[PDB]
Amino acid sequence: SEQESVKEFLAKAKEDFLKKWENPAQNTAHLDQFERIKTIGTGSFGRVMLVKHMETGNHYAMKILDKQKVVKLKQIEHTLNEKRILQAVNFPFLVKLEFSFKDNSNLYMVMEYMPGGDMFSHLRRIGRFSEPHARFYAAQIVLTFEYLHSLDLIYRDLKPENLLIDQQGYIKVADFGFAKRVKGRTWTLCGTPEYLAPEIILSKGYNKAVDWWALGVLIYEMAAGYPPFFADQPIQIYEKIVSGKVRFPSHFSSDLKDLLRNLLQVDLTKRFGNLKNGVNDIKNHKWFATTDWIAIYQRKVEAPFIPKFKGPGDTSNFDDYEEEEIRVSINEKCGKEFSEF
């Protein structure tokens, strides 16, 4: 009934999700309702811009995908997954999708804006997080994966770049570009090199255990300041991952190392998160013996770090990108491919 209060929450969470999953929100705004301010992210998989919604004056982060470019990258089904999943989920540590729409040329997903920036930014600059600091963030990802995995979702891109820091110092997971709802096994080669579980690299069928492996990587990176497996090129990273060996900094506590040995376990029959006890093997480990799990969910734990507020609209925590116009063709592109978006 400790773990059974958890089940009452998770069964209600599931009812809520299934309603939206089976009946997704569609066409809830239009481009010319937003003022474009700044590009705060780019990449092969679209771009992200700070925008202001005119009728409210709220700031949001607007993801823009070129439909023709999605097709070329063979990410149609993955993009349909991203939007359908994000419009259906509701958890304190997931970024909220406020609007979605499309025009002749692009797809748009408008999320709440987090002026605080990504964890990546802050972690690289500070160098490393203390164990208590690492633990606070890791507890939020533990709860988030509990949530997601109970909905049959695998997330598949855990890394500091995808975690935003809010105004209270708590985390928000963004970018669901590889998230998928799957019972049983799946096979797609996706993720980021440093975070991939051995089973992905070896093209085996895999499951939600790959998210628990990635948690191992993240905790390590947070607490060490560098990842457990690094080299100059991906192929050298994969050799290290599939070797079975991992070295821990001397400042790592004996409880942290033991947690990590169990998350970064090549043998799926022994990896924490994947066994008969599930998430509780993680939640009840000695490293999290001080962690009040409900207090974390309710955001009543004091955060180790709160980013400096410079206003709504401030972009000081993001880098500078080349501004590219939003072309909207007069002919509809890829209508059938993205009909459900």
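One-based numbering along the sequence shown.
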Stretch exceeding the other in mean C-alpha B-factor - 82 to 90, 260 to 268: 260 to 268
Greater mean Cα temperature factor according to the PDB record, 241 to 249 or 224 to 232: 241 to 249
Where the record places residue 276 (Cα B-factor, split into thirds across the chain): highest
Residue 104 by Cα B-factor - lowest, middle or highest third of the modelled chain: middle
Residue 63 by Cα B-factor - lowest, middle or highest third of the modelled chain: lowest
Chain-relative CA temperature factor third for residue 98: middle
CA B-factor placement of residue 255, once the chain's modelled residues are sorted into thirds: highest
